[PDB]
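Below: one structure in structure tokens.
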């Protein structure tokens, strides 16, 4: 029930790496996963992976396991149920195929069988 | 299970905290002795109020107790999964604080209009 | 859908509340009457409340508002049996002590055990306990209130006191090692009782208290408001050594059937000056630690000046405390004299007629022998003026208990919860 | 129904007053604090006596509770209609004041000779 | 039966004393008033502890109450006949004093893992 | 009506010297003594 603002639209060139931010608010940042999704010009949507701001646990697709650098900070608690967190996204071997819009996605629930499901999305960032 | 202790699941989901109820049920019950005897009496008073409420509801003896009062959407129009697997009991107490007296009366007569129905059942 | 309400008993939900806490102690008798507190449990359960974040405020906290009255109520309770020094309010004939004219040598006619026999007896009184008439002196309290001599069997020793919540309530600790007084503590744990709080009556310098982990914190409420005392809490202790070097004698004066006023006999040996010591090196590095966190609120460029008290009462102008049963009043001007082997010495005076807080006063009986006590100064109570200067203060005594009860907060359990599910009872 | 309140049906027929029981069930539970703390303790004492009696009768949790002890005509040879639709509970308490201790013992062993019968039932 | 009274069967066999339970269940509940008001409060406190334990066991309202926790032979490897027709309750309390806390926890979750099983039963 | 219930077959271990009823009564008496003299006149002027 809160925002997930991201960084700007930074465009570099192949071989390099790009860092993307994801600043949260309005919810306990530790209580839900942070998924990373992208929609490129060449395919459709592709799930990259999620990370648990609480367990520090990472789970990512084998197509992006050896490329993605995925980290999170620690929430600055605002109230009893509000905080301010941040998740970060980097990639390794960059090409023009990876050009697309990227967003972060907070998980759906805190328990059950749809705990990590990308529910609350960011705004989008335009890559190279 | 993990013996989280007293108020162990205070920040957990309501479904997780509902499994650990007897832990919070156990730990619920000279001039300075006058201040100590005061707290001793208030302890049984605040405890018997919860039991008197549970008694006139038919829940006397239950940690988890089901009823006939159906859930009004005015109280909370949230889905079942977004409650027991999302909010904590501390969060749920703020969302239902207003309507918490409305339900306590619905439970009171849903019990009197149950033992009255059972009195006519055993009258033959 | 098919959702009915179902009653849940024993749910983890609490509310901010105020209730009468009770005290607990471990192992003659002291003023704090800690023998009467229930035996502390050797197993202090600390349950960690995972995922929980609670809002503390050590300045709205009521545990310090209750303890501050438990102490005053223990003070007045511990003087009910003790002898009342109302016949000592007689005209005193005082001379100095041969020798700089501090403590006096006074002789006076005094009631005996027989109501028709008088006795010409003498005793010593520090000048801070007497005043003149026009040499003839009188005790300082005689125009304000009578004084009750402390029973020479009760001890002024602070004992670790544990505050506990009654059944149906709880105490929440804040395990945040960089937690300024207010805000939302992210790491919270519930305790049945607090830790051992020593009710050390102090001034300006918080003695024997609990240190801070990691770094030296500072608190206060509205730090931009200068009329709000700044509670600073050290991370490392600075050693302080105090002593009353004069070897004093105690003299019982039978002033009635069972009424015996313990007077000050004479000075055996050398007359010397009571004082305190602090390592100028350790006080330098500690004052350096305090000015560090002072810039985080006032600026990396502004100068931070330290000065002595602004004036007023004797108990606020000087580091006043208790050392072996006698109340010191140490001039701290040699400690707060900075703009940002060793031994800094504070000249201390000694009083016997103290009022404390308010009213009614107490005559502390003279302690026999040579007095010296070793303490850790662990906190501080500053006061900005309003190019920023800081001075020592201590307007209220409850800031002392507040420097120890900031970690805690009282909450009451409301174990009844109603929530929907697809459960209905039968017919 | 009409919310008559606390003791609202004190002068009504016993059948009318029996419908409004949870109203009287709710409202049933320094030197002057010593007199106030005294009344606070006696309040829980007089309340737990009714619950202890209800507990050893099998009525623990009931506002209306049926039993097996049959009505002796010696207690009151009045017809059912001339009781629930005529007398008030204040009148009925005077007519049964004497035999009120006789029934309290009949309920006590009709419960012990019921849980004893249930213990042999679940023994196979 | 013979009205042995309060603690009448204290030296009798456990089977004989178990028939006379409501007798011990009845009789279970200025500066000197401070000492009298003290004993009055402790009386309700020690009584509500037994009821709170009985409540979180499902035995709320029972003098004799059966459970699902099976008897561990580690507690007492004695036969049924050499217990109810031989030992007294005072003897049995010494033989089970150690394991008396182990059983109190087994009863607590055998009740929570019973009302949890009943909550899923009434969910359809 | 002082009820005395006979505990048949019962044997109990007494010890009148560890008994606490006498340790409580012995203080109830001393506390009654000091309590009964609070209002009464104090003979301090007789010490002449």
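By letter and in written order, the chains are A, B, C, D, E and F; residue numbering begins at 1 in each of them.
Assume a contact is a pair of C-beta atoms (placed from the backbone, for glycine too) under 8 Å apart; a residue touches a chain by one contact, two chains touch by 3 or more.
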Label of the chain whose CA centroid is most distant from the centroid of chain B: F
Let me have the rounded angstrom distance from the C-alpha centre of chain C over to the C-alpha centre of chain D, please. 57
Calculate how many whole Å lie between the centre of chain D and the centre of chain F, each centre taken as the average of the chain's C-alpha atoms. 41
Expected list for chain D, residues touching two or more other chains, is 34, 37, 41, 44, 48, 60-61
Where chain A touches two or more other chains, by residue: 80-81
Which residues does chain F have that touch at least 2 chains other than itself? none
Mind giving me all the chain pairs that touch? A-B, A-C, B-C, B-D, B-E, C-E, C-F, D-E, E-F
Can you name the residues of chain C that touch chain A in the complex? 51, 53-55, 184, 186
For the complex, which residues does chain B have touching chain C? 4-12, 14, 17-18, 21-25, 27-33, 35-36, 38-40, 42-43, 46-47, 50, 53-54, 57-59, 62-71, 76, 80, 83-84, 88-90, 92-93, 96, 100, 103-104, 106-107, 117
Under the definition above, what is the set of chain C residues touching chain B in their complex? 1-14, 19-23, 33, 36-38, 45, 47-53, 73, 77, 166-168, 170, 190, 413-425, 427
In the complex, the residues of chain D that touch chain B are 19, 21-22, 25-26, 28-30, 33-34, 37, 40-41, 44, 47-48, 51, 60-66
In the complex, the residues of chain F that touch chain C are 44-45, 47-48
